[PDB]
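Participant: Only the shape, not the letters, is given here:
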């Protein structure tokens, strides 16, 4: 909305795509890991619904 | 006693550099709005004949030499002291470069005031600061009304 | 050039003059008085900051008005696509007309009712079943509190008056659109605006030349026609 | 004369080719400003007398106004058999379009 | 027009329009980020029978 | 000390064209606000 210098905006929208993807699942091809504090990784939906009492 | 101290501290104008004498002469010219004769100079600095100082003063752009009587006067950049002249200058703008108000204060001591009433008249295109409404680089009002439509209608066009 | 094109220029001018901020007015007046601009020359001419330049350029993107140009001599240039601007204005005025007409049609109908506790909107037909056992107050399902009628039925004439006054203001724009429909729609290019180059400065480092590379085989969005 | 030059400047900055009558030019003149045909005829005499009285012998800056007074007395005397042409291209094959107003003598029997 | 050669990369997509339309072979591709807006619009411009063919 | 330092700074630009503002400090060793006003009247 304000003055975009056309460098931060691209990496920022990439960060939006990154976080919605990470919330969507965190078992992606491992270029990121994307945890949240503390050291335990943030547990996403494939982790919620995987094998071994993953909800199913 | 104060006059004695001033006379003791009165430095002779035969300085190390002539530029100090020139600056004092331009200060004394600027502080008087009227043209002044050569005798004012000869009384001001200890210099009598038409010297290199007087010749370079004649060659100076801000100083008008008078073939009539020898009156020397300051020359301002903006020769506008009326809103009509200001509007005609704004109409005669060949480029859209803004024009400063400090050199309009040169020549016209109450010029920012008239700028304020003409902006109140919607006669200009002003640029103003946010610390205060500041007379700055301005442009001719080729527009319609500056204060045209009210803020609620503006806000609902923003909603649009 | 075309007197109808001059009418278009004055039309855009009046649109920004009466319907946008003074900074927008100055920017668009500068770029019509002159031609396509490098940002540095404009910053020289207005003695402004990129922080101030930002939101203006952003909102002019948002209304689909200024056609930017990017080419290296990288040098930033700005112009306006005429059919893009015309159709954007056309969609804007049609959306204004339809939105204000439907808002006026809704606001001509009476209010409904307001519950001060839960602070929510209610309608008259929804309040038909909100009558209590004795038809005295309009009972609330949650708060068990009386419902009081809103103040928008007298806003019917206010929306009507706003529509009529805005229609009177845009009536020169409507007439200009009529004359445009009489005339022929023409499409701008960066090079077309280059053909009408009005020199702002004398030391512009960004050369105002359109110089595509050999084998410029790309078709780019916002830069081609069907 | 200064506001006449103002009118000439604001009529100078046209965009396309216009071929108007002296009558049309005078009518737009009286519409915009308040400059009249008889002063436009008398301007040449007025300027000549002003130069003679003023003793301004360095007329190097002053020689151009002869053209304006010439054109004004011409167009304020002649209206038929003559046309005023206005073009945006003083040089058609130029880097920048210099505009131009052109006057046309159409009948050679007059002189 | 051509279809650019599309390389999967990270969390986005790029394409290189070879497109070879000059007098020579003109092998000169531009690597431009595939904007989700343009994929969305070009998807919005597909036929329903093309959806049926494409199993949508 | 307005008048003397004006001739002194006239010597300084005569000594070197782009004289340092930090180097201007020791050549004056005077009030800098007085120095800042005097610098603005002639050059940079």
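Facilitator: Nice, thanks for sending it over. Residues are numbered from 1 along each chain as shown, chains lettered A, B, ... in the order given.

Participant: Please, where are all the helices along the chain?
Facilitator: Assuming you mean chain A. A:8-24, A:45-48 (DSSP state H).

Participant: Please refer instead to chain F.
Facilitator: Using DSSP H, helices in chain F cover F:2-15, F:21-28, F:32-40.

Participant: rewinding a little: Throw the helices of chain A into a markdown table and include mean neighbour count and distance to chain B, thanks.
Facilitator: Heads up, the C-betas are built off the backbone N, CA and C, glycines and all. Formatted as a markdown table, the helices of chain A follow (neighbours: other CB atoms under 10 Å in any protein chain shown; distance: least, CB to the nearest CB, whole Å):
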| stretch | mean neighbour count | distance to chain B |
| --- | --- | --- |
| helix A:8-24 | 12 | 22 |
| helix A:45-48 | 13 | 38 |
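
Participant: Export these to TSV and append columns for distance to residue C:102.
Facilitator: TSV is the format used below for those (distance: least, CB to CB, whole Å):
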stretch	distance to residue C:102
helix A:8-24	33
helix A:45-48	41
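
Participant: quick one: contacts for residue E:26?
Facilitator: C:215, C:217, E:19-20 (CB atoms under 8 Å, 6 or more residues apart in numbering or on different chains).

Participant: Are any of those residues buried, and if so which?
Facilitator: With burial judged by 16 or more other CB atoms under 10 Å in any protein chain shown, the buried subset of these is C:215, C:217, E:19.

Participant: Could you find the closest non-adjacent residue to the second one?
Facilitator: When you say that, I think you mean residue C:217. residue E:21 (3.9 Å; CB to CB, 6 or more residues apart in numbering or on different chains).

Participant: May I have the secondary structure class of the one you found?
Facilitator: Secondary structure state of residue E:21, per DSSP: H, G, I helix; E, B strand; the rest coil, is coil.

Participant: Surely it touches residue C:219?
Facilitator: No. Using CB atoms under 8 Å, residue E:21 is not in contact with residue C:219, being 9.6 Å away.

Participant: If you count surrounding residues, which of the two has more?
Facilitator: residue E:21 (15 against 12; other CB atoms under 10 Å in any protein chain shown).

Participant: Any chance of the backbone angles for that one?
Facilitator: Main-chain torsions, residue E:21, degrees, to the nearest 10: phi -100, psi 10.

Participant: The longest helix along chain B and chain F, are they touching?
Facilitator: If you go by DSSP H, chain B has its longest helix at helix B:18-30. Yes. Residues of helix B:18-30 are located near chain F by CB under 8 Å from any CB of the partner chain, namely B:19-20, B:23.

Participant: Looking at those residues, state which has the most neighbours.
Facilitator: Ranked by neighbour count (other CB under 10 Å), the residues of helix B:18-30 next to chain F have residue B:20 at the top, with 19 neighbours.

Participant: Need the nearest residue in space to the one residue in chain C that gets nearest to chain D, chain neighbours excluded.
Facilitator: Here chain C gets closest to chain D at one residue, residue C:1, 5.1 Å apart by CB to the nearest CB. Distances taken as CB to CB, 6+ apart put residue D:15 closest to residue C:1, at 5.1 Å, once the chain neighbours are dropped.

Participant: what does residue D:13 give?
Facilitator: Among residues not flanking residue D:13 along the chain, residue D:99 sits closest, at 6.4 Å (CB to CB, 6+ apart).

Participant: I'd guessed the one you found sits against residue D:91; true?
Facilitator: No. Counting by CB under 8 Å, residue D:99 sits too far from residue D:91 to count as a contact (10.5 Å).

Participant: So for those two, which residue has more residues nearby?
Facilitator: Using other CB under 10 Å as the criterion, residue D:99 and residue D:91 rank with residue D:99 on top: 14 against 10.

Participant: Compute the number of surrounding residues for the residue nearest to residue C:1.
Facilitator: For residue D:15, the neighbour count with other CB under 10 Å is 14.

Participant: which residues does it contact?
Facilitator: By CB under 8 Å, 6+ apart, the residues touching residue D:15 are C:1, C:6, D:88.

Participant: By neighbours, which of those wins?
Facilitator: residue D:88 (17 neighbours).

Participant: correct me, but that one touches residue D:102?
Facilitator: No. In this structure residue D:88 lies outside contact range of residue D:102 using CB under 8 Å: 11.6 Å.

Participant: Grab the nearest non-local neighbour of the residue of chain A found nearest chain C.
Facilitator: Proximity of chain A to chain C (CB to the nearest CB) peaks at residue A:3, 1.7 Å away. Nearest residue to residue A:3 in three dimensions, chain neighbours excluded: residue C:54, at 1.7 Å (CB to CB, 6+ apart).

Participant: Counting neighbours, what do you get for the closest residue to residue C:151 other than its chain neighbours?
Facilitator: Nearest non-adjacent residue to residue C:151, counting by CB to CB, 6+ apart: residue C:111, 7.0 Å away. For residue C:111, the neighbour count with other CB under 10 Å is 19.

Participant: can you check residue C:148 too?
Facilitator: A count of nearby residues for residue C:148, using other CB under 10 Å, gives 14.
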